[PDB]
Amino acid sequence: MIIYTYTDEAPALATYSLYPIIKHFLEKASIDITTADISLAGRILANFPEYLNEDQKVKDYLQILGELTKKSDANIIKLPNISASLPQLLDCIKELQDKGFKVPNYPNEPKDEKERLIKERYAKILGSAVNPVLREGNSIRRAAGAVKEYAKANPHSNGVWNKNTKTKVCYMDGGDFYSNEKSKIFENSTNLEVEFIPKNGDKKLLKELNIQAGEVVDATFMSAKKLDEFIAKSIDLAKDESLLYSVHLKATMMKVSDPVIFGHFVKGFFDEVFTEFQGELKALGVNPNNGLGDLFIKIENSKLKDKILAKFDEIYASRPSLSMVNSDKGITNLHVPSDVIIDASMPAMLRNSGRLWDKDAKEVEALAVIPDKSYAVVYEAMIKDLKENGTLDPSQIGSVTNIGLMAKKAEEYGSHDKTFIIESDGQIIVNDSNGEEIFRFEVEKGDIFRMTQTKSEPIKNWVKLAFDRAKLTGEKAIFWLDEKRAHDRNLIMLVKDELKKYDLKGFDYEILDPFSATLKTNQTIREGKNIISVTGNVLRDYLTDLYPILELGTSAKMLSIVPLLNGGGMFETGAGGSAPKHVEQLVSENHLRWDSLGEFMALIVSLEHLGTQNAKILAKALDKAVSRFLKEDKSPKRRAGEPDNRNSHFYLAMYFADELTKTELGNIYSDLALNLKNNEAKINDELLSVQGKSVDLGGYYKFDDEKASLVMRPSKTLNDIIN
Ligand SMILES: NC(=O)c1ccc[n+]([C@@H]2O[C@H](COP(=O)([O-])OP(=O)(O)OC[C@H]3O[C@@H](n4cnc5c(N)ncnc54)[C@H](OP(=O)(O)O)[C@@H]3O)[C@@H](O)[C@H]2O)c1
Ligand SMILES: [Mn+2]
């Protein structure tokens, strides 16, 4: 059984067109496949059944697939899905209520234990709820030969870069998680205790943790005062040097830390509003953590509305130009916490000649504020090397493979339950079963305290993948590990320990700090050689947007293979997200520029993994079909009135069917091959000719299925072939 994930936004809409096609082909080969609704709307419905009519209820597909990942064999095609910010959860709740799905309001401040439990249910739904539960395995992300050869044959622009390019990252120097980090390997299984001790007040037990034999636990904090001084410093450096102010966080997955960090940026930039209106904004229930969008919604009803708006205008005037998400709608990099996400936002910036957009959609060289230095140094290096050697030439450069440590919520991706905001000046102490003081921190009011767990089987497995992949291909493999970080220093000892079990003859490997590892991998791919990155859970994410965007245009054209520790497979339809922007263009203009190429390729490896006589026949033929797809350049176009996602589904269908008539399954596919060849022009015209009008999908987070299929499946003659 293959499970296909129904998710959100762009891939959700693609799936309305592509799934019936996948389905037609697998059914005819007696291969079993279904969908699972892990959409943000579906997850919410599945979690509040007691509020719903029976036909409204949704199975807890997150729980079902979580179980499946631990089973001796599982086959999941995982499409990108929303890691919700609060403003997205609030918008999804609304959309459901308005449609008579009667789910409860988010209580910001619960009155009773009833409202307490409801806030805690929604809190589990916020942020990266799905990926950390499904990722019961480490990660292989790489560009298939045929996809790289497409990039080389059909090169995108990586813009223009020189010593005159004034684009720069800005990160804190002391005060950040990197500076304050401590770590410990645990040889024996002990139980930990995290207690706060305020210089006046009672002690408090913040957290209890089961630690197992082998686990690396770290602890750290960011200083609210260093953060606040750094934000002011970073704002005045922007204004001085005439750089556009841009802020790149992870307020999605980092669902406790990064909205808090994000709120300091909003309080910091607009400090005169949070001074003149401290009490009015409090009374209106304004949390700066939610962005300007929630603030402007909350001051619609305030006697001081216009006086608040004239104050913004006065601040914008004294301040450096703010990076915009949407210039036409006045939406800023500080309107909604989920809109600018570092992994996607920094490489779009780098490709566009280090330019981002201002109020008037003018492209302007940017200050890239990334508070923590741990990963900021990666973009610094990348930026240094673009200035020295010019842009990375997609037609010339070699390919970065990533072996990413993920399994069992490794490193900062399991930190949400272990992140706390310090109520008052005090100290954190952390103790074991015996009662030994393992960590201690002098912390202050507003300080962001955090810990992390990375276990031994995850680390041990992650080495085997990098070793085995390097023996397979001959490529150099760099472990990106900063000896100036305690967490990293513990991983070096653990890699070194584990490599003593392996024959290191043939295994070309270095260990470099992320800064140095970046210049070495850039140096290697300029020459045109392939290289392997062996990284942590966050670099896994950052690097498989960075290099893939530079080398292929979008990270969605990558393979993303997760060999689950219990022997299943999860295959992710690229290294990208749910591309909300593609949705805006589908609504307004009936053109989806979403490329499904990562879905095609996920499906190829899903079939190899199935490994049935027919699965291998459909895999080998689909691979040939995708090669033809890339040779004939069928990938969607961007402008309305040009062929889109739907047309590309058609061309893959035609090519797949054709390729299957050459195989032992030919008789089965002969009529489909002929019917799609003979209707090529008629079908392409049916799909094009609906483009250039706005469309009613009946929703955004939850579509009206009838309307979504009419928009995504608008070709009667393709439909009559496919069903
Ligand atoms: N579940 C996952 O694995 C995963 C991973 C990352 C992000 N997300 C989620 O996705 C949402 C958006 O995240 P984001 O804004 O960081 O990044 P995003 O969806 O990856 O960024 C989208 C931009 O990258 C290009 N792109 C991405 N996928 C593409 C595809 N299949 N075909 C063609 N171009 C593609 C597109 O650029 P153009 O505009 O130039 O066309 C798009 O605007 C968030 O809700 C986030 O939580 C999920
Ligand atoms: Mn992304």
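Here, residue 1 is the first one in the sequence, and each next residue gets the next number. The figures here come from the full heavy-atom set of this structure, side chains too, leaving out hydrogens, waters and symmetry mates.
- Here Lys199 does not pair with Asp425 in a salt bridge; the nearest charged N to carboxylate O distance is not below 4.0 Å.
- Checked by atom type and distance alone, the side chain of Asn287 never pairs as donor or acceptor with a backbone atom of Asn290 at under 3.5 Å.
- Under the salt bridge (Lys or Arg N to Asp or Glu O under 4.0 Å) rule, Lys250 has a single partner from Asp372, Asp343, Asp258, which is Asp343.
- Atom-to-atom distance recorded for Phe274:CZ and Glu272:CD is 12.5 Å, nearest 0.5 angstrom.
- Side-chain N or O atoms of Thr332 include one that pairs as donor or acceptor with a backbone N or O of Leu334 at under 3.5 Å.
- No salt bridge links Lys408 with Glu457; every basic N to acidic carboxylate O contact stays at or beyond 4.0 Å.
- Side-chain polar atoms of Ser234 and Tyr245 form a donor-acceptor pair below 3.5 angstrom.
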Walk me through whether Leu292 and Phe312 qualify under side chain to side chain contact (heavy atoms under 4.5 Å, CB included). CA-CA 11 Å; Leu292 292 193; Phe312 270 102; 4.0 Å; yes
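- Between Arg135 and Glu572, at least one side-chain nitrogen of the basic residue sits less than 4.0 Å from a carboxylate oxygen of the acidic one, meeting the salt-bridge criterion.
- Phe479 and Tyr509 have perpendicular rings, their planes meeting at more than 60° on a 0 to 90° scale where under 30° would count as parallel.
- Using bins of under 30°, 30° to 60° and over 60° for the plane-to-plane angle, the ring pair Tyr542/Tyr379 lands in the tilted bin.
- In this model, no donor atom of one side chain and acceptor atom of the other lie less than 3.5 Å apart for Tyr178 and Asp173.
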Decide salt bridge (charged side-chain N to carboxylate O under 4.0 Å, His left out) for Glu423 and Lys445; before the verdict, give the C-alpha distance in whole Å, the side-chain angles of both, and the deciding distance to 0.1 Å. CA-CA 6 Å; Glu423 321 254 24; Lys445 196 172 183 163; over 6 Å; no
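- Residues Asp447 and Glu444 approach most closely at OD2-N, 2.9 Å, considering heavy atoms.
- Taking the six-membered ring where the residue is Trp, the centroids of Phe196 and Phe441 are separated by 6.0 Å or more.
- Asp545 and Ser555 share a side-chain donor-acceptor pair at under 3.5 Å.
- Taking the charged nitrogens against the carboxylate oxygens, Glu412 and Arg450 do have a contact shorter than 4.0 Å, which makes a salt bridge.
- No hydrogens or angles considered: a donor-acceptor pair under 3.5 Å links the side chains of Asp541 and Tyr413.
- Expressed to the nearest 0.5 Å, how far OG of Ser516 lies from CD of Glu510 amounts to 10.0 Å.
- A donor-acceptor distance shorter than 3.5 angstrom exists from the side chain of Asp176 to the backbone of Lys373, with no hydrogens or angles considered.
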Between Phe265 and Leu249, does the side chain to side chain contact (heavy atoms under 4.5 Å, CB included) criterion hold? Intermediate values first, please. CA-CA 11 Å; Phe265 278 96; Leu249 316 168; 4.2 Å; yes
Using a 3.5 Å cut-off and no angle test, enumerate the donor-acceptor pairs between side-chain atoms of residues 212-223 and protein atoms at least two apart in sequence or in another chain.
unit_1	atom_1	unit_2	atom_2	d
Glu215	OE1	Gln212	N	3.0
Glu215	OE2	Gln453	NE2	3.2
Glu215	OE2	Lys455	NZ	2.9
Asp218	OD1	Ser183	OG	3.1
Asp218	OD1	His487	ND1	2.8
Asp218	OD2	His487	ND1	3.3
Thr220	OG1	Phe177	O	2.6
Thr220	OG1	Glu181	N	3.4
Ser223	OG	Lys225	N	3.4
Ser223	OG	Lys226	N	3.2

One pair to check against side chain to side chain contact (heavy atoms under 4.5 Å, CB included): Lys387 and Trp161. What are the steps and the verdict? CA-CA 5 Å; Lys387 286 165 164 169; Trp161 274 85; 4.1 Å; yes
Let's go through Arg355 and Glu365 carefully: what are the C-alpha distance in whole Å and the side-chain angles of both, what is the deciding distance for salt bridge (charged side-chain N to carboxylate O under 4.0 Å, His left out) to 0.1 Å, and is it a yes or a no? CA-CA 4 Å; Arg355 282 159 156 63; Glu365 304 192 325; 3.6 Å; yes
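- Remark: side-chain polar atoms of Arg319 are paired, donor with acceptor, to backbone N or O of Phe269 under 3.5 angstrom.
- One finds the CG atom of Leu192 at 4.5 Å from the CZ atom of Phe186 (value rounded to the nearest 0.5 Å).
- No side-chain donor-acceptor contact under 3.5 Å links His264 to the backbone of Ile261.
- Between the side chains of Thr535 and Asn402, at least one donor N or O lies within less than 3.5 Å of an accepting N or O.
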Go through the steps for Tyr547 and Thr521 under the test side-chain hydrogen bond (donor to acceptor under 3.5 Å, both in side chains), then give the verdict. CA-CA 10 Å; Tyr547 286 113; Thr521 101; 2.8 Å; yes
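- Note: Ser257 OG to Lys255 NZ = 11.0 Å, rounded to the nearest 0.5 Å.
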Residues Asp513, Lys484; criterion side chain to side chain contact (heavy atoms under 4.5 Å, CB included); working and verdict: CA-CA 8 Å; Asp513 61 284; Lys484 299 178 167 155; over 6 Å; no
